[PDB]
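Visitor: sequence plus experimental coordinates follow:
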Amino acid sequence: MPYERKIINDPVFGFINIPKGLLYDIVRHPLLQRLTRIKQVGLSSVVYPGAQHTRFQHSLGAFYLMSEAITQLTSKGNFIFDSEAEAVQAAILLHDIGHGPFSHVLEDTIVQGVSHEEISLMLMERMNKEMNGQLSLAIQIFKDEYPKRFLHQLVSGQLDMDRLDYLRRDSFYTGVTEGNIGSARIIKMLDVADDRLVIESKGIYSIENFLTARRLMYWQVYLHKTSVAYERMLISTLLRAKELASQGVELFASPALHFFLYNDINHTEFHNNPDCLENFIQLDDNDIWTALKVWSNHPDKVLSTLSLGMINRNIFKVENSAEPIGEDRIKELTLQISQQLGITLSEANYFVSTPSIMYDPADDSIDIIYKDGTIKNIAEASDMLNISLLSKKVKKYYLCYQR
Amino acid sequence: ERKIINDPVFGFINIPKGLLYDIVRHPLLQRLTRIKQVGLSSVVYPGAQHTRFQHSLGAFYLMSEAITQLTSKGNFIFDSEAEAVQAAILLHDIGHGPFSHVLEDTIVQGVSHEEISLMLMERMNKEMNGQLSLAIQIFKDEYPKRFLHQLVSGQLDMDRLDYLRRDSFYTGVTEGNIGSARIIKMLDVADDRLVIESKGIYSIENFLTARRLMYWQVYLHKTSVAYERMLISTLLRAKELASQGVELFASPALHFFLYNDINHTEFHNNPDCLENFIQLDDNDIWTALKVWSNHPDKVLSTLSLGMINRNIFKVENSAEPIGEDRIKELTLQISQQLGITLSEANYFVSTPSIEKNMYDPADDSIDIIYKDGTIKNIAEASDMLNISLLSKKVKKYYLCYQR
Amino acid sequence: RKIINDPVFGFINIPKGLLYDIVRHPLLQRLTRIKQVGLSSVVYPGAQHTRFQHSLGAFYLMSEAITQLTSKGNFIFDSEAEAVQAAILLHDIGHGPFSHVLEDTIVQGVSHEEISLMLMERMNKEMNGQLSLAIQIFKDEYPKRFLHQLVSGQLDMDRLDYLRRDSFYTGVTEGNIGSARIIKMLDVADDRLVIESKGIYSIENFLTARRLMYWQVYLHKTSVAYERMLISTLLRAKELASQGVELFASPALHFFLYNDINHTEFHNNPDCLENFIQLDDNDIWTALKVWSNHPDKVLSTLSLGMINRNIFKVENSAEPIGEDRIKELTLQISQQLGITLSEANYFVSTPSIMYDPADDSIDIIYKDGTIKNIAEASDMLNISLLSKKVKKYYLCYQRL
Amino acid sequence: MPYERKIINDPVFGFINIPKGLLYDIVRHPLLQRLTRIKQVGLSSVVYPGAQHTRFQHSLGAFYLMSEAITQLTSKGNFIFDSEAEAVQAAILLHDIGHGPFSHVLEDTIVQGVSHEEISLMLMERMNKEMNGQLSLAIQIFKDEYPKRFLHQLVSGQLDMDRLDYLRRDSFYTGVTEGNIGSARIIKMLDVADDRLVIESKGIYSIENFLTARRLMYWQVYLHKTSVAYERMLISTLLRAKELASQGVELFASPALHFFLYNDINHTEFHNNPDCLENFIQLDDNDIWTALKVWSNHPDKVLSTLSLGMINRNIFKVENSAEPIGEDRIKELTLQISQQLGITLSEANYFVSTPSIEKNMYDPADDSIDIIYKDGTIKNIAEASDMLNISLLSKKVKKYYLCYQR
Ligand SMILES: Nc1ncnc2c1ncn2[C@@H]1O[C@H](COP(=O)(O)OP(=O)(O)O)[C@@H](O)[C@H]1O
Ligand SMILES: Nc1ncnc2c1ncn2[C@@H]1O[C@H](COP(=O)(O)OP(=O)(O)O)[C@@H](O)[C@H]1O
Ligand SMILES: Nc1ncnc2c1ncn2[C@@H]1O[C@H](COP(=O)(O)OP(=O)(O)O)[C@@H](O)[C@H]1O
Ligand SMILES: Nc1ncnc2c1ncn2[C@@H]1O[C@H](COP(=O)(O)OP(=O)(O)O)[C@@H](O)[C@H]1O
Ligand SMILES: [Cl-]
Ligand SMILES: [Cl-]
Ligand SMILES: [Cl-]
C-alpha cells in the first residue's frame, strides 16, 4: 500500500521523493546532515567556481536514481521485496557517509591509513545500534554478503548509482561542458541476467557515451592540473601543521581538528581508540578552512605562506611531463624557493611537489542483453569508438611549485 | 530595423532588414517551413518536428555570433563579406525537397540537393539583381578569404553546429547535446583556416563524441532505416504503376515526377523540373500516402497504410551480409501472406547496408591554437581522444521486411 | 513498458496492454499529423509540436498524479488508474486539423469534444468494452469524481501539459509554469482536487502564466490574422465548390467542400465521421498549395498569402471598428485586386474576444486540514483581478 | 589579440571572459576571493540543498551580463568610452564586496548599524588606494555621481545586472524553475533613451515574466518560512554568544569573530576604529559555522541547544498569521519551553521569535520599467502589458511569524 513522502528539490534530477520512516530518518540524521558541510569535489572549485555541490546532494541524488532503478528492474520481471528495496535505498543514502573534509587529503596526512569506506561501515554500524537493527539488511548488501547479488551492484560496481549520480552532478555544477551522460536513461535500460546488472541493447550508445564521458571527466575535472596543484598545497599545509604541532607549536584549531594535529592517529589507533571516530564525526570543510584562514597569519613562514596561498588562490605553478621529473630540476627549484622565501632547504620541500598518476579497466566491461536473450560485452556491441582502448594508460607527470 | 524571431534552442534571432530579411521572407525559404529537418526520425522520436526553416535560421544565428567573435579577435571581415556568409548560411539547405535523399533514390534520380541549392541560389540572385553573387562565390569556395567558406561548410561549420544541437534538443537525445555557442566563442583563424582556442578543447571533445552518438542513436536508428526503405518502396511502386498508366492521386508537382522519368539530364535541361520541384514539400508526400492507402493496388496500399499507421517493417541487423536463402524465404512467405507475386514481394523485403569509417578527417580534423601560437590537431591536444581510439570500420547489414 | 522520449518531461513509460494499444491505434497515430497550435508557427517557428505529443505528455502527468494521490492515501483502483490514463490519452482525439477553423467553416456546429466521444465509443467497440470506465470518467458520470477533474477542470493534465509544452516549443519566454511540481502538491478533499499550501506560489504563477500565454501566444494578433485568412480561404472554397467549380482536394477534404455538412448530417450520416477521421494538416496544406495557382482571384490570393506568409495587416482597438473604415478598406481592396465589392469581404475581417473566471478558483489545503481559495491564500498579486475583461477589437485586412 | 583574457566556467551563463589588467586584478584580489567563502543565499540551503552558490559566482555573473550589456548598448549606437566600460565592469564586480557572512544577521546582532552598502564603499576606496586611483571612475558611477547616468542604472536599478544575475542563479541553484528569467534576452532588448535605460517592445514578454518571477522568488525562496525560522535561530545564537561573552564566559572563536563577540561594535566604532574593518574582512561563513559547531557542546544550555539545532537542522517550528501574534500565545510558549529545557523564563525568550513583514508588492523602484517602441514612443510596462497593470500588482502584505523551539 502506497507510502507517504517528503519532497526535496534537486536541480540535476528533479524532485526527490523520500518515504517517511527509516529512509527519511536517515536523511534527517546528524551523520548525514554533516554532509551538507562537505563538498563533493572541494578541490575543483578553484578551477570551476560553480562546483559548490555537497556530499549530501550526492547521497540524495544517488538515492533518487536507486528508487528509479528499483521501479525499472521490477517492471522487467526482477522481483525485489519491499525490505530489499528499503535496504538498497538506505545503503545508497549511507554509502559515502564516512567521507571527512577533503577525505583523500586526510588519508594522506593527519588521518593516515584509514579509508572512507572503512569509516562508512563504522558509522553505519553505529547508526544501526541507534536504530535497533533496522539497517542490518542494508549493511549486509553494502558488504556484498547478501545472496541476491545484483542489489549490491547497484550500490557499488560498474553501473552503480554512486557514479551515475556524481559523473552527472559534477559535470552539471562545474559547467565543464554542456554534455549529458544519460543517468536517468541508463537506469531505464537496466536489467538482471544471472544475478548481475546488464544494459538492454537499445542502450548501447548510451553506455559508450557513459564510458567515454567518464574518461573525459577524469582529465577535464578530477585530474585537472590546477586542482592537483591545489591538492599538493593542502597536503603540505597539513603536514607542516602536524610537524609544528609535534614540536609543541601552538596552532589555531577547533577541538576535532586539534585532536588529529596533536596526536598521531594511524590505522590501529583509529580502530582501537573510540575518541578518533568521535572527533572524525565532528570534522567538516569549515574546520579545515577556519584553520587555513587563521594560519595564514601564523608566524611560521612555511605554514603561513602555504595557508595564504590556499585562501587567496595563489596556486603553485604546474608543469606536466610524459617522463619523470629530473632530480636536477627539483634541486634547482627547491634552492630558488629557499632563497626567495628565506627558509631552509628542507623547509623548501613543502613548496615543490612531484606527484604521479586511472580506474579499474574492468569497470569498462559492461554486458549488453539483446531481445533474444543473447549477451555481448559492450566492446563488441559498440559502433561509436574503440571502447577497449579507453583504458590505455596515459602516463602524466606533474611538477608543482611556489610561483 | 531588425526583425526578431524566437527560437527555443538559441533564443532571439536577429535578422537585419534588407537583403537578409528579404531572403528569410522569400517563398523559396518559406517553403522550408513545410519540410522537416529529420522527417524519418519522428517515427522514433515524436518530438523531432523541427523544420529546415528553423535550422536555416539557427545556422544564421550561429553565423552572426561567429562573425562577431572572429572580428573581436582581430580578424578583418568586411560588411559585404559578413552579409555574404550570412546569406550563404540562410541558403545552404534551400535545395532540399521533402525526404530529399529518398527523392534522389526514387523519383528525382541523380540530382543532389547541393546541385539544386545552387540552381535556386542563382535563380534568387537574378531576382535580386546580383546581390547574392558574393554569397554564391563563398558557398562554392571560390573566394580568396577562405575561412569564410569554412564557416558554411567544414569541420566547424554553422550547419552542423545548428543541427547537432537542434536535433538533440527536439529528439530529446540529450547525450548528443553540444555547446554550439561555446565552440563559437573559442573560434579563431590561423593561416586562413578556422581553429579553436585550447580553452575549448573540452567543448570539442564533447562535439566529436556527440556527433558519433547522434549518428548511431538518431540518424542511423534502425527503425528510421526501416521507415526509409518503406518510403523508397512506396514511391518506386507508385512510379511503376504510373508508367503502366495507372491513375494515382497526386498534387500536380508530385504528378510531374511520377508520370515522367526525371533523371539528371532532364532535370538540368528541362526547366519544368525545377519549377515543379520547388512546389514539393512534405504535404505532397503525406497526402499521396494517405490517399494511396485506399488504392486498389495491394502493394501500394499496404505500404502506404503502413507508413501512415506506423506499422513499420521488422528490422534485423547483422555484422555479416544477409544470406540469399533468408531473403528468398521471407519474400516467399510475404508473397503468400499478402497474395502477391514473388516479384511484387520484393517491395516488402530490403537489405540496405552501411560501411562507415568512424574516423573521418573531413569531420574530425580540428586544429587547436595555444596562447603561444602553437597549433596541434585535436587528436594530439586531447589527453583522451586519439586517432587509434576513433579509427574503426563498421559494417552493418540490415534486413528489413513486412511483418 | 514501452519508453518514449519527450524533451518537455523526459521519458514516458507506456504499459503494454490497453494503454500501449491506444497509443499505437490509427486514430491516435493520426494526431502525429495535426499540430497542437498550428496557427502559432507563423509567429513562433519552433511551435511544431503535435497533438500526439500533447496526449502522451498529458498521460505522463496523469501517471505521476495517480502515484502522488495514492501516496497521500486517496484510494485508486488499478482499473480506475488505467481508465483515467486511457481517458487522457484520448481526450483530444476528436480534433481535426485546425479544428476550431473547421467548426467555423466546413464542419459546422460539431465540436471536437463531441467527435472525441464518438471516436472513443468506436474504439471501445473494437476493444470489447475495455474503454467503458474511461468513457464514463470522461463524461463525469462516475461517482469517484476527482478522477474526471484530472481529465478536465481547473487543474487538469490537459492544460498542465499544453501550457508548458506550448511555451517550451514557441520559446515565447524562458519561464516555466511548473507542471510536475504542481502535481506533487495535489490532494483530494471532499471528492475534489485541491493543492497543498506548500504549492501556493506555484499556483499563483500557474494562474498568471496562463493569462500571459493567452495574450502572448494564443491571441497573438498575427495568429488571429492568419486564422481569419484560413477561415476566408475555406469559406471561399466551399462557395466555389457549391457553384460546381473544380478544386483540388483529397477525397476526405472534397467530402466537406462539396457537401454541406452540419450538426445533424454529421451525427446521422456515418460517411461524415469516416471522412473526418482521414483529415489532417496535410489535407489542408496540400489544398492551399494547389489553390495558390487556382484561376479564382479570391481563392488563389488567399492561398498564396497562407503558403508564402503574406499575412493580413492587423490593427487593434478598444472600441469596435467603424463601418466607414470597413467600407473604405473593402473598396480599396476591391479596386487593388480587381474584384467585386462582395468578393472583397473575404479580405477584411473584424473578430472580437477570455475563459471561465471560475478556472482561477482553486482551493488550497493546509496541514491542519483547513481550506482556503487561492485568492485568499495568495501573497504575490491580485488573483481576482486576473479575470478582469480585457476588450480587444481586431481589424485584419489584405495589405497594399 | 592585444591582451590575454582569462576564461572562467559558469554553469549558469557559460564562459566568462575576464580581460587581463585591472578587471582580472579585481577578480584575483583577496577581497573578492573571500566571496568564494560566503554563500549568496546561505539561509536557503536548509530548504534547497542545491543553493550552495557563492557571492563570488554572483559577482562574476553580474560582470558577465554587464559585458554583454555594454556590447549590446554600443551596437545600438550608444557611446561608452573604454574607461566607462571598464569602470562599470569594475563597479559590478565590486558591488556586493561589503557583505560578510550572513550579512543581514550580522547587521542585526554583532556588527550592528553598519550596512554592507557602507562596507562595500569602504573596501572600494581601500582597493582604490592600493591601485593608485584606477577605481575612481567606478566608485563615481557606483555612487551615481557620474553625469552619464544610465551607467549607474546598469549597476543598481530596475534592470541592473545584480538582479538579472541573482534571479537567474538563485532559481538555477535552488531548483525553483518557476522563478527563471531570460537574463540574456532582457539584455538584448536593452537601450538608452533620455540618459535612462529602456527595453525594446519586442522584449515585453520577457519583462512580464521578469516581474512575476521576482515576486515568486520573493515568497517561495527569500521569505520561505523555514528560512525565516533558521535566520531567527542564528540571530538568537549570536546574541546569546555576545551576552555570555560580555559576562566574560569563554567561547571558541576565530580571532576575527572573537573581536565582535568580545567588543561592542556599533556604527561609530566601525567607522572610527580601523581594527573593525580589518577583522570584518577576515570573516566568512567558515568563521560562523566553526563557532556553531564547537558551541554545540558548550556548557550553556541556551547556546548549545541553539547551536546544535543549527548544525543538525532541528529548526524552530514556524507558524504564520495574517494578524499579529497574541501576547498570550507568546507567554504560554515561553513558559512551556522554559520548563521543557529547564532554563529561566528570560532565557526562554531566545527560543521564541515573532518577526514580521509589511510589504508593498508594487514598488516602482523594482517595477517601473519603460518600453520603447519602433516609432520612439515610450510606455511604462504597466501600460505596455496586456495583463500586468498597477491594480493587478498593488497589494499590501502583512505577515506575522511565530518561531519557536519544537
Ligand atoms: N580567480 C579565479 N577563480 C576561479 N577560477 C579561475 C580563476 N582564474 C582562473 N580560473 C580558472 O582556473 C584555471 C586555472 O587557472 P590558472 O592555473 O591560475 O591559470 P592558467 O590558465 O595560466 O593555468 C583556468 O583555466 C581558469 O578557467
Ligand atoms: N507509437 C509510437 N510512436 C512513437 N514512437 C514509438 C511508438 N512506439 C514505439 N516508439 C519508440 O520508437 C522506437 C522503435 O519502435 P519499434 O521499432 O516499433 O519497436 P521496437 O522497440 O521493437 O524496435 C522504440 O524504442 C520506442 O521508444
Ligand atoms: N518569416 C518569418 N517567419 C516566422 N516568424 C516571423 C517571420 N517574420 C516575422 N516573424 C515573427 O512574427 C511576428 C509577426 O510578424 P509580422 O506580423 O509579419 O510583422 P510585424 O512585426 O510588423 O507585426 C514578429 O514579431 C516576428 O517575431
Ligand atoms: N533534511 C533536509 N534537508 C534539506 N531540505 C529538507 C530536509 N527536510 C525537508 N527539506 C525541505 O525543506 C522544506 C521545509 O522543511 P521543514 O520545514 O523541516 O518541514 P515542513 O515540510 O513540515 O515545513 C520541505 O518542504 C522540504 O522540501
Ligand atoms: Cl526478502
Ligand atoms: Cl560544451
Ligand atoms: Cl524576516
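Guide: Done, it's in. Numbering: from 1, shown residues only, chains lettered A, B, ... in the order given. Ligands and ions are numbered 1, 2, ... in the order given.
Visitor: C-alpha only now, for contacts and for neighbours.
Guide: OK.
Visitor: how much space between whichever residue of the stretch 251-400 of chain A sits closest to chain C and residue A:79?
Guide: Here the stretch 251-400 of chain A gets closest to chain C at one residue, residue A:371, 13.5 Å apart by CA to the nearest CA. Counting by CA to CA, to the nearest Å, the gap from residue A:371 to residue A:79 is 20 Å.
Visitor: which of those two has more neighbours?
Guide: Ranked by neighbour count (other CA atoms under 10 Å in any protein chain shown), residue A:371 and residue A:79 place residue A:79 first, with 12 against 9.
Visitor: tell me the phi and psi of the residue nearest to the more buried one when sequence neighbours are not counted?
Guide: Using CA to CA, 6 or more residues apart in numbering or on different chains and skipping residues adjacent in sequence, the residue nearest residue A:79 is residue A:73, 7.7 Å away. Dihedral pair for residue A:73: phi -60, psi -40, per degrees, to the nearest 10.
Visitor: thought residue A:73 was touching residue A:189?
Guide: No. Counting by CA atoms under 8 Å, residue A:73 stays clear of residue A:189, with 9.0 Å between them.
Visitor: the more surrounded of those two?
Guide: Using other CA under 10 Å, the more surrounded residue of residue A:73 and residue A:189 is residue A:189, with 23 against 19.
Visitor: now do the residue of chain A found nearest ligand 2 against chain B, distance only.
Guide: Evaluated by CA to the nearest ligand atom, chain A has residue A:202 as its residue closest to ligand 2, separated by 7.1 Å. According to CA to the nearest CA, to the nearest Å, residue A:202 stands 9 Å off from chain B.
Visitor: which residues sit in contact with that residue?
Guide: residue A:189 (CA atoms under 8 Å, 6 or more residues apart in numbering or on different chains).
Visitor: so it sits in a helix?
Guide: Yes. Counting by DSSP: H, G, I helix; E, B strand; the rest coil, residue A:202 is located in a helix.
Visitor: buried set for whichever helix or strand residue A:304 is part of?
Guide: Assessed by DSSP states H and E, residue A:304 sits inside helix A:301-312. Of the residues in helix A:301-312, A:302-312 count as buried by neighbour count, 16 or more other CA atoms under 10 Å in any protein chain shown.
Visitor: got phi/psi on residue A:319?
Guide: Backbone torsions of residue A:319, given as degrees, to the nearest 10, read phi -120, psi 150.
Visitor: report how many residues lie close to residue A:165.
Guide: 25.
Visitor: contacting residues around it?
Guide: A:58, A:61-62, A:65, A:183.
Visitor: let's see which of the residues you listed end up in helices.
Guide: A:58, A:61-62, A:65, A:183 (DSSP state H).
Visitor: surely residue A:106 touches residue A:112?
Guide: Yes. Residue A:106 is within contact range of residue A:112, at 6.8 Å (criterion: CA under 8 Å).
Visitor: more neighbours: the two, which one.
Guide: Higher neighbour count among residue A:106 and residue A:112: residue A:106, with 22 against 18, using other CA under 10 Å.
Visitor: near chain D, anything from the helix holding residue A:304?
Guide: Yes. Using CA under 8 Å from any CA of the partner chain, we find that helix A:301-312 touches chain D at A:311-312.
Visitor: just to revisit the earlier point, redo the buried residues of helix A:301-312 as TSV? Include distance to residue B:5.
Guide: Shown next, in TSV, are the buried residues of helix A:301-312 (distance: CA to CA, whole Å):
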residue	distance to residue B:5
A:302	60
A:303	59
A:304	57
A:305	55
A:306	54
A:307	53
A:308	51
A:309	49
A:310	48
A:311	47
A:312	45
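Visitor: so which of the residues you listed comes closest to chain D?
Guide: Proximity of the buried residues of helix A:301-312 to chain D (CA to the nearest CA) peaks at residue A:312, which lies at 5.3 Å.
Visitor: contacts only, for residue A:140.
Guide: Taking CA under 8 Å, 6+ apart, one finds residue A:146 in contact with residue A:140.
Visitor: can you tell me how far it is from chain C?
Guide: Distance from residue A:140 to chain C, by CA to the nearest CA: 29 Å.
Visitor: and the helices in the stretch 1-150 of chain A?
Guide: When assigned using DSSP state H, counting those that start in this stretch, the helices of the stretch 1-150 of chain A occupy the ranges A:22-27, A:30-33, A:55-75, A:82-94, A:103-107, A:116-130, A:136-142, A:150-155.
Visitor: most packed of these?
Guide: helix A:150-155 (a mean of 24; mean count of other CA atoms under 10 Å in any protein chain shown).
Visitor: what parts of the stretch 251-400 of chain A come near chain B?
Guide: So far as CA under 8 Å from any CA goes, the stretch 251-400 of chain A lies against chain B at A:383-387, A:389-390, A:394.
Visitor: which non-adjacent residue is nearest residue A:305?
Guide: Nearest to residue A:305 is residue A:296, by CA to CA, 6+ apart, at 6.7 Å.
Visitor: and for residue A:93?
Guide: Spatial nearest neighbour of residue A:93, excluding adjacent residues (CA to CA, 6+ apart): residue A:59 at 5.1 Å.
Visitor: the one you found and residue A:90 touch, don't they?
Guide: No. Applying CA under 8 Å as the test, residue A:59 and residue A:90 come out as separate, 10.0 Å apart.
Visitor: partners of residue A:15 in the sheet?
Guide: In this entry, residue A:15 is beta-bridged to residue A:9, by DSSP bridges.
Visitor: list the contacts of it.
Guide: Applying CA under 8 Å, 6+ apart, the residues contacting residue A:15 are A:7-9, C:181.
Visitor: 10 Å - rerun?
Guide: A:6-9, A:61, A:64, C:180-181, C:184, D:175 (CA atoms under 10 Å, 6 or more residues apart in numbering or on different chains).
Visitor: now, which of those residues sits nearest ligand 1?
Guide: residue D:175 (23.5 Å).
Visitor: now the strands: where do they sit in chain A?
Guide: A:5-10, A:14-19, A:190-193, A:196-200, A:317-321, A:352-353, A:367-369, A:375-377, A:397-401 (DSSP state E).
Visitor: in a markdown table, list those along with distance to ligand 1.
Guide: Below are the strands of chain A laid out as a markdown table (distance: least, CA to the nearest ligand atom, whole Å):
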| stretch | distance to ligand 1 |
| --- | --- |
| strand A:5-10 | 24 |
| strand A:14-19 | 28 |
| strand A:190-193 | 37 |
| strand A:196-200 | 36 |
| strand A:317-321 | 7 |
| strand A:352-353 | 16 |
| strand A:367-369 | 37 |
| strand A:375-377 | 37 |
| strand A:397-401 | 11 |
